[PDB]
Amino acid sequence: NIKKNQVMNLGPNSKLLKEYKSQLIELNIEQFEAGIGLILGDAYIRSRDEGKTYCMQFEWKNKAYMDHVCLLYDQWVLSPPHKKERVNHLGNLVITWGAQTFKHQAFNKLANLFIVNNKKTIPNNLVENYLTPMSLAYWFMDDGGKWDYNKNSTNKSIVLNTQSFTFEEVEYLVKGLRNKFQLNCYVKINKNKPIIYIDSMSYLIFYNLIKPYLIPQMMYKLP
């Protein structure tokens, strides 16, 4: 076998890299479980072939989170996160951090769940059959936040920013969250698009499930 340190700065078509890639067969349980939450959240899973391999591309303002995800997928990630500096239409500078895994058939398992016929969809019983506490944690860290951002608020209600999904898809996600994790949640409307509202009653239930997996610099998102 080959150590990552030996390949991480070779060319894309380097034979040693391909030999390093061939040693890896599957995502570990943690990378797959977190992957579910990430693809529900801020993650871009893509194929350049016809579904033979997939990679995940990442972009985040939060560098520490980017770092944490890169460490989680360490064996799949050759490069540190690269700084992305861009200029707005208003003239403002915008900083974010970019990273990607290399492409690999091990990522097909994640893609098969969501990417059917070249389009990001949600399967019927996704939450019920796949979403673990770890998945929920990464989903929250990607899409999660407060319902009440007022200073000195007593409201402990959570929001999951699911605006890219259809109303029907989000309803199914709600049905799952309620049945599997006993969360008192329902669909609400922002910009004529769906979000998931988790009531303040269920705050402790939600927080206890995800606490093992969240990082300090993502705690600001919690009420």
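We number the residues from 1 along the sequence you see. In this text, rigid core is short for the largest set of C-alphas that superpose within 1.5 Å between two forms.
Rigid core fits of the other structures in 4 other deposited structures of this protein place the C-alpha atoms of one stretch farther away on average; of 107-115 and 79-87, that stretch is 107-115. Mean CA B-factor, 168-176 versus 35-43: the higher value falls on 168-176. Across the two stretches, 56-64 and 184-192, the PDB entry reports the greater mean Cα temperature factor for 184-192. Out of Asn150, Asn108, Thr101, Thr96, it is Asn150 whose C-alpha atom has the highest B-factor in the PDB entry. In the PDB entry, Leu131 places in the middle third of its chain by CA B-factor.
Looking at the C-alpha B-factors along this chain, the one for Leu113 belongs to the middle third. In the PDB entry, a CA B factor belonging to the highest third of its chain's modelled residues is recorded for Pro123. The entry lists a Cα temperature factor for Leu90 that places it in the highest third of the chain's modelled residues. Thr162: CA B factor lies in the lowest third for its chain, per the PDB record.
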